[PDB]
Amino acid sequence: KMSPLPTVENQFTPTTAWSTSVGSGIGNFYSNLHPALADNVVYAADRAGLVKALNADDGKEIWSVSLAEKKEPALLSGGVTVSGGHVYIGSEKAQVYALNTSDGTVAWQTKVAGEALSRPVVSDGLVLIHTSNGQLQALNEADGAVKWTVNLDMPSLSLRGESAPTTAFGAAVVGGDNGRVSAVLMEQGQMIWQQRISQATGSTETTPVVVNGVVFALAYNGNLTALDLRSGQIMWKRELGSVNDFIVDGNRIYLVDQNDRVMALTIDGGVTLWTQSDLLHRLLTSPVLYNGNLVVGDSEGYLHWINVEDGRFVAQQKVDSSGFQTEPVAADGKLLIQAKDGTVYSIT
Amino acid sequence: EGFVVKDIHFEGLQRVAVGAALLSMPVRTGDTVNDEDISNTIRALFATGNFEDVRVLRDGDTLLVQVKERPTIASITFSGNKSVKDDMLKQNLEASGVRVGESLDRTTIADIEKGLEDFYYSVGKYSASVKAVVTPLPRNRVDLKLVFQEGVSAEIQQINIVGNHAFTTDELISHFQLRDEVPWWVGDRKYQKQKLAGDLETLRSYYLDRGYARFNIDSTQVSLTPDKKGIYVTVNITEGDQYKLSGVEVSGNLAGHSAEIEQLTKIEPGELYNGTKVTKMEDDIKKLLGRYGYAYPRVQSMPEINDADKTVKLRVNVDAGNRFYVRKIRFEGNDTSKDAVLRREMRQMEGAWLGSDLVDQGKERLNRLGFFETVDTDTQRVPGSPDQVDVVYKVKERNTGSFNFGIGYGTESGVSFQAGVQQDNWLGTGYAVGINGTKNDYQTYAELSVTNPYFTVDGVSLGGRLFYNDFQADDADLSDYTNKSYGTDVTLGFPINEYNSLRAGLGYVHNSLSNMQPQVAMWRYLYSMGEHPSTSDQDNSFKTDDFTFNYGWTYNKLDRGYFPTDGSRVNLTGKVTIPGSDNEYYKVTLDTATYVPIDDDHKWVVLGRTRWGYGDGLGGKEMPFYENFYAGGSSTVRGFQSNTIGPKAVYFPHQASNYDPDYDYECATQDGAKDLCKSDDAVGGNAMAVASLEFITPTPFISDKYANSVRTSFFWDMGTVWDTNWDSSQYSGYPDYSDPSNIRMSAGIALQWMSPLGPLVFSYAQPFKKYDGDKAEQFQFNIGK
Amino acid sequence: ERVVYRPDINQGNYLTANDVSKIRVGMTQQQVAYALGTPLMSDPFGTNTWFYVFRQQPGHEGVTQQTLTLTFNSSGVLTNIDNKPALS
Amino acid sequence: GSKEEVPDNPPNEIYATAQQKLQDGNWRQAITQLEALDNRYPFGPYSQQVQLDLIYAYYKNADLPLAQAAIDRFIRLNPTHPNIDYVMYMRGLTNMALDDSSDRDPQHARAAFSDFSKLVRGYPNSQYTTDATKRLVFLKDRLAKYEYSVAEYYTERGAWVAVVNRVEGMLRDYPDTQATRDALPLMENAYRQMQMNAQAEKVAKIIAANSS
Amino acid sequence: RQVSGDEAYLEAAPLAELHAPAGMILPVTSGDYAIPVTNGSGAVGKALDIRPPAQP
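About the criteria used
Residues numbered from 1 in each chain as written, not as in the entry; some residues may be left out. Chains lettered and ligands numbered in written order. Heavy atoms only, no water. Residues with missing side-chain atoms left out of burial classes, pairs and counts. Helix = DSSP H or I, 4+ residues; strand = E, 2+ residues; numbered from the N terminus. Rg over C-alpha atoms; globule rule 2.2 N^0.38 Å. Domains from an automatic or database assignment. Contact = heavy atoms within 4.5 Å. Nonpolar A, V, L, I, M, F, W, Y, C, P; charged D, E, K, R; others polar. Pairing = 2+ DSSP bridges. Axes fitted to C-alpha atoms, helices over the stretch in contact; angles between N-to-C directions. Salt bridge = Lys/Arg side-chain N within 4 Å of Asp/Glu carboxyl O. Buried < 20%, exposed > 50% of the residue type's maximum accessible area, 1.4 Å probe, protein only. Parallel < 35°, antiparallel > 145°, perpendicular 65-115°, else oblique. Left-handed = near helix turned anticlockwise from the far one by under 90°. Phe/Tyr/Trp six-rings, centres within 6.5 Å; stacked < 30°, edge-to-face > 60°.

- As summarised from the PDB record, the model derives from X-ray crystallography at a stated resolution of 3.555 Å.

Observations concerning the overall build of chain A
And step 1. Scanning chain A from N- to C-terminus turns up zero helices and 32 strands.
And step 2. For a compact globule of 348 residues, the expected C-alpha radius of gyration is about 20 Å, and chain A comes in at 19 Å, within 12% of that figure.
And step 3. Taken along the three principal axes of its C-alpha coordinates, chain A extends 50 × 50 × 35 Å.

A look at the domain arrangement of chain B
Residue and element names in this part refer to chain B.
And step 1. Partitioning chain B into structural domains gives domain 1 (1-69), domain 2 (70-152), domain 3 (153-242), domain 4 (243-322), domain 5 (323-399) and domain 6 (400-785).
And step 2. Centre-to-centre separation of domain 3 and domain 6, based on C-alpha positions: 45 Å.
And step 3. Contacts between domain 3 and domain 6 engage 15 residues on the former and 10 residues on the latter.
And step 4. The class makeup of the residues in the side of domain 3 that touches domain 6 is six nonpolar, two polar and seven charged.

Details of the sheet that holds strand β31 (residues 336-338) of chain A
Residue and element names in this part refer to chain A.
And step 1. In spatial order, the strands read β1-β32-β31; together these three strands make up an open sheet with antiparallel pairing. The open sheet has two edge strands with one neighbour each: β1 (16-20) and β31. Across this sheet, the average inter-strand angle for adjacent strands is 20°, counted without regard to direction.
And step 2. Pairing analysis gives three bridges linking β1 to strand β32 (residues 344-347), with the strands arranged antiparallel.

Side note on the pattern of salt bridges
And step 1. Per the stated rule, a full pass over the model turns up 52 salt bridges over all chains.
And step 2. Note that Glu694(B) and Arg609(B) form a salt bridge whose closest N and O atoms lie 2.3 Å from each other. Of this pair, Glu694(B) sits in strand β34 (residues 687-698) while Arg609(B) sits in strand β30 (residues 605-617); the two residues are 85 residues apart in sequence, bridging distant segments of the chain.
And step 3. According to the relative accessible area criterion, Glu694(B) is buried, its value standing at 4%.
And step 4. For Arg609(B), a relative accessible area of 23% puts it in the partly exposed group.
And step 5. Among the salt bridges present, the one from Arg110(D) reaches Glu147(D), with a minimum N-O distance of 3.6 Å. Within this pair, whereas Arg110(D) is found in helix α6 (residues 107-122), its partner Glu147(D) is found in helix α7 (residues 129-157), the two being separated by 37 residues in sequence.
And step 6. Overall, the relative accessible area of 32% leaves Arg110(D) in the partly exposed class.
And step 7. The exposure class of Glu147(D) is buried, given its relative accessible area of 7%.
And step 8. Among the charged side chains, a salt-bridge network with shared partners connects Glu249(B), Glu304(B), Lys313(B) and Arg315(B).

Let's talk about the packing of helix α5 (residues 84-97) of chain D against α6(D)
All names here are of chain D.
And step 1. The N-to-C vectors of α5 and α6 enclose an angle of 165°; their axes lie 8 Å apart at closest approach. Overall, the two elements α5 and α6 adopt an arrangement that is roughly antiparallel. In this structure, α5 crosses over α6, and the sense of that crossing is left-handed. Here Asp-85, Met-88, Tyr-89, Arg-91, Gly-92, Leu-93, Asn-95 and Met-96 of α5 come into contact with α6, specifically with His-108, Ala-109, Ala-111, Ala-112, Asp-115, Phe-116 and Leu-119.
And step 2. Looking at the contact of α5 with α6 residue by residue, the classes come out as nine nonpolar, three polar and three charged.

Some remarks on the interface of chain D and chain B
And step 1. Each partner contributes to the interface: chain D provides 29 residues, whereas chain B provides 30 residues.
And step 2. The set of elements that each furnish at least two residues to the side of chain D that touches chain B consists of α4 (64-77), α7 and α8 (160-173) of chain D.
And step 3. Per element, the largest residue contribution to the side of chain D that touches chain B is six residues, and it comes from α7(D).
And step 4. Classifying every residue of the side of chain D that touches chain B by side-chain character gives 13 nonpolar, six polar and 10 charged.

Regarding the pairing of strand β28 (residues 567-577) of chain B
And step 1. Of the strand pairs in this sheet, strand β27 (residues 541-556) of chain B and β28(B) are connected by nine bridges, and their pairing is antiparallel. The residue of β28(B) that forms the bridge with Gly552(B) is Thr573(B).

As for the packing of aromatic side chains
And step 1. All chains considered together, the criterion is met by 48 aromatic pairs over all chains.
And step 2. Taken together, a centroid distance of 6.3 Å and an interplanar angle of 90° make the contact between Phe29(A) and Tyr232(B) edge-to-face. Here the residue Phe29(A) occupies a position in the loop between β1 and β2 (36-38), and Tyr232(B) occupies one in strand β9 (residues 230-238), the pair thus bridging two chains.
And step 3. Judged by relative accessible area, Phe29(A) falls into the partly exposed class, the value being 23%.
And step 4. Overall, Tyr232(B) belongs to the buried group, its relative accessible area being 2%.
And step 5. Ring centres of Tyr486(B) and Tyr508(B) lie 6.2 Å apart, and the angle between their planes is 75°; on these two criteria the pair is classed as edge-to-face. Of the two residues, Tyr486(B) is situated in strand β23 (residues 482-489) and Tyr508(B) in strand β26 (residues 507-514); the sequence distance between them amounts to 22 residues.
And step 6. Taking the relative accessible area as the measure of exposure, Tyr486(B) reaches 38% and is therefore partly exposed.

Description of the sheet that holds strand β3 (residues 64-71) of chain C
Residues and elements named next belong to chain C.
And step 1. Judged by pairing direction, the sheet is antiparallel, and its four strands sit side by side in the order β1-β2-β3-β4 without closing on themselves. Strands at the two margins of the open sheet, each flanked by one partner only, are β1 (41-42) and β4 (80-84).
And step 2. Of the pairings in the sheet, the one linking strand β2 (residues 49-56) to β3 comprises eight bridges and is antiparallel in character. For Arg-55, the partnering residue across the bridge sits in β3 and is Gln-65.

And the structure:
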């Protein structure tokens, strides 16, 4: 049922700059632990509690601390997002860690509402955490004090959360696990508006982007909508798409759905440009732009470079036979990714 | 004026005859019909379930009816069903409305799909997608073709508890059922997923039984991965420090029983809050009022909190309700089992005043029989009465014709084969017939038993038996002899209590001995019978017919059936020969096993076992050696060989067809047998007394959700067997086999679990107090039998 | 008998001492039926009679049952009341 | 070990073949020939004969749950057919065959009693009335015999109130049955156990005035 | 194994109305479980052709 590895005449040779192993990884457990690049330094971690810091050029150890005691797994599954000399990691034991970027020591720790699966989001002096029990909390960047807490309504059957809230003009636009994308004030946590995007075939059974007063959010079933930043009213609707995560480049939208097919849409009405169904029914991660091409890693451990204007495969390379689960990172002209065993990979 | 129906007419009637459609019409030929009666007529033809598009309209003077019948189902072919066979898929559809020969509503095709999907959510196929394909035919027909597709299943991958600090997360998930952390192959509990359903109530009872009276479960999330093949479970809890029970106040309508309720709701202040102690008081009131004739008493408890003293005052509300009487007690679904079989397991009587608990216990006694597949209760209000009710039990019977084989393994007896066939409802009278056999390294047994559980209307049982047993002593680590035996045993079982039961009955047993190696102790019994065999021959034979009266008493107050942590088990079995038999003896066996805990959690148990056995002759004769008692092995005293504890054989100088060629023998004339010979071969005795004492400990190298499955126990086993008829004077050169002071002791470690191969039990012992001839067997196991 | 298990045997009527006072001679069936109702035994045929049998023989002893017999007339009005602490 | 599939044969050929399978006694193949004949032509000029012949085939081949279903279909679709009286009769035989020949969930004979009753009420001069009446006498006897067995157990148990209420129920519904007269001493005794000699005497008067 | 159309029902004991004493009478007979008087008379048991008749 899984579409086999497509045959690609490599336009160029995809290579591994450096490869550093980090802990035992996350395994077959669906987490979100992906590396984070900042000031030529790569921060990655495994679930067990091991947190490292690597050089973005060669991948050498600067510091390597563990977040476990007498060991019991720290259960890191949320992160990592790095800002302001702080490394924020969310665990499944209702904890939020803040590590200094210098030595890797704990600045502060905060007991949250539930399983912090969502990657932390840093806007203003607040750290946005979205737990599994539908509790959007904002922890103070300074000391970690829980400033406010928003109860996003819980569904019957649940998914792995999840939504990393985006922020624009006083508000934190976040998605729900029920099918509603919400917008709340950053200081009070006050509800502004709510919009429902989901269809119900009873009883048969998510990071948003703000582009010029337009909020883009995708439904858990795979319905796409453009939302007005002010009212939250739906502008246009298309019934295709899904998790994992999408990205918006200028006036085009590239995304990967439940059936793991890659396609490009227009920012205007969402019309189709091209559709790639050769990586069909594999387990691709999120797509990210790296020097003109779309980069996606599947479950077998192959990366796939795709031409953005026709959907043609540019390149294909075996990187780690352990496979790929978490999302890649393409910043500072670099390209990172973490296999299921915890090994971090720089590309080309 | 309209509309005078001069005539009726139909168009489109195929299967539905004219009379069948002319029947359901609320308007008929000759009537005066307007738009209100036509709308009622159309909606009436629709409620017949024969058409999908009905149309009634006027002609000049004739009321014309146009219809289009529902497509008749020609066949239902399945395609892609791997987990479910085609035959049961048929029956589940027929019990839902759709079947061959009948018709389908094309608006219910989607409901058939999602209806069959739901069956794949009963089991773990959360990705199932059954597609229905409808295809027309020459005449008004249709072939339903259900396309099945399941990519599955889901092993729930993690169970996590958030908000716990008093107890570790792994320790809490050790008590349920259903777990999923790590499904180790050791470990038996398997990790699939369905409705919990009250697995929180165990976690609820865990905190509540230890004082946390405010313990509240905020939310429970059952997570799914993007691939619909992975399940998580997250339960958020909120514990509540320490709470002492200060007092209990009773409120509500008490039905004038305030005097005795204060007793049921009394406490000794101040002691720790206990949930099951509160649940007990709730049911004690419900049972007290039930005694005073109350059908549905309702008792509720709410803990009023005192944060100042960290104590809890229990608020209890009582509502006795009303009285109800049972008119008839009916039984539906028993096409085989006669009425008396089901009605004999009741505690709510017909006519008598109603008791809700008495009805529920009626359901419990029925499924405990295991005669039925499902047992449903239904208390119906008798028409035209405020109180009289009918308690009806609906049952779907279960096939009690079972073929059951079995294999085993253990140092005590090697590989063991159990094979037979039992019918627990022949032919539906409650009787239990069964031809069962077994195979062992030193014993083969086969029987034919018939048992009536309700010989009397009170519960006394009468069981018949017809057996056949072969015994080889040389393979049982004893002095070489063979005892071929058979006979019939009838017995009565007296349930004097749910904690105690008595046994009594007669029995005939024939023992044909053969191939007995001549030795002093064995030969002494032969003289007492009146036999004089050769002390130089291996060949011999002895047929003995015996009639025996038997009595037995079994006491069991163990809390848990598998791993006892508190309680005691006592069994006493006695035998005696009634005059007229060849032998004249009596035998009394006593087995005791008591468990005593020493903590709140009952994870430190001190087990003490004792086993007593004694028997002797009556009128000059002596107790048969094939009724001797033995010790040593996996069950009696660990650290010794099987049946090696006790007397040893003193063989006579003999010569036999062996054929005396080259290898080892015992006191053989060719190997120079001039006089009596001391041996290591045990024979057991007519007097045995062993006593064990083990310290059950928590298993120390796995602190996951495991330790509550495996049980370690450091033991100190000891015992002794002797012969109260051994002439210590005539054989002064040989050890005294009549002294009970020879106590053999031992000590070691044990292991227990239920494995894929079966229930295992390891035991590494060591005999520090041993005597001459005692063969040591330190490592012992048992895989099945 | 002596030592056998014989669960609990009750029969259809529970009569407390403070509920037999509600019935005074001259009442209809309705009143008697919502005071203590419904008396399970009405015998054929010519006579009307409500037989209330507080039948408590669940244990091995007693054997403790008190019976309450009521008699009306042709128009369903209480004429006779018969209470008896049986049985000795 | 029957054979399932059916060839695409001429209309009369199959029916003439199915007939010979019916006249001989081999019902298993008679069904299969007819079951495919009705599953290809449901509203022919004589397709109602096929429905009639099917019911007879299921009944003689011990296929009762299939017989009842075909019976209900013929009644629902043809409630005024000239031979609907015969279908009602076969309906009664089916429920009667689902019985004892024994207090084993008597609803199958209790439902059979209703099926024959509807036959004799609407069709007194039916060709099956006399035999149906012979069965009605037997069905009424065991429906009373069921209550007797329930009364006999409660007699052994000691539920005297349940006994007399059951015999009263017997005397009400089944007064002219054999089991009723045999249940009369059970009612008298249950009265004497509750010290109701005034009532047991009434029962004794009835027993003395009647011999069974 | 299930029942063949057999003459087990022709063995049943006939119906006889229970006589009522003086100063007494029986419980009222209900509508259901009552067999209407038919004088017949047709063939019974194995003598009754239970094969489905039809013409044409």
